[PDB]
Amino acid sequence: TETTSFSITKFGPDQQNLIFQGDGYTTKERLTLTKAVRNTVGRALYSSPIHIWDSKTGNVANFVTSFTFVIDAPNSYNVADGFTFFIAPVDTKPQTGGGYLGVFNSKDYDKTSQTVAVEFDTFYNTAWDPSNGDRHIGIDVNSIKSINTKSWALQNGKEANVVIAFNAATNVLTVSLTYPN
């Protein structure tokens, strides 16, 4: 057994246990990943590496995470690109911005990526997003083209609470977004 847990309820000016990348900073009790400025990237990572599976044993971890985020856009139509909760190699640095959401660099599976990310995607990139053109939740394994997606209506400026859980016995990864209105 190995367990890692932490909770930050109000982020504060010198939040030393987070690694900030790109334009991530903490400000006014929030973790601000991007400002409403065009073409930036911001990322933030928990400081400790976590052990997700063991080679000796074949054992994979069970985990759960929840967080509440706010996407604040200029208006409901000019919103982009999105947000992601990702799991990546320990030395992960920002990847391609724009519609690649700073985690990936391609629409085709790339085993080198080693990144699993749940995305809250607000912009339709015709080359890889679902043909309905909707805003959406998705699970990305090693490519920005999601292996599954659910359509989502963005409520601009509202807080959304998200729970993501992984059950190692069944390998099911589950994500729930709830707008408290």
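So that there is no doubt, residue numbering starts at 1 and follows the sequence shown.
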Mean temperature factor over C-alpha atoms, higher-scoring stretch between 73-81 and 98-106: 73-81
Mean Cα B-factor comparison, 54-62 or 25-33, giving the higher one as deposited: 25-33
Among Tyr46, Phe67, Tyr124, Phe120 - the residue whose C-alpha B-factor is largest in the record: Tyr124
CA B-factor placement of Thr178, once the chain's modelled residues are sorted into thirds: highest
Third of the chain's Cα B-factor distribution that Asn17 belongs to, per the entry: lowest
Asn156 - which third its CA temperature factor falls in, relative to the rest of the chain: highest
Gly138, C-alpha B-factor rank within chain (lowest, middle or highest third): middle
Third of the chain's Cα B-factor distribution that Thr40 belongs to, per the entry: middle
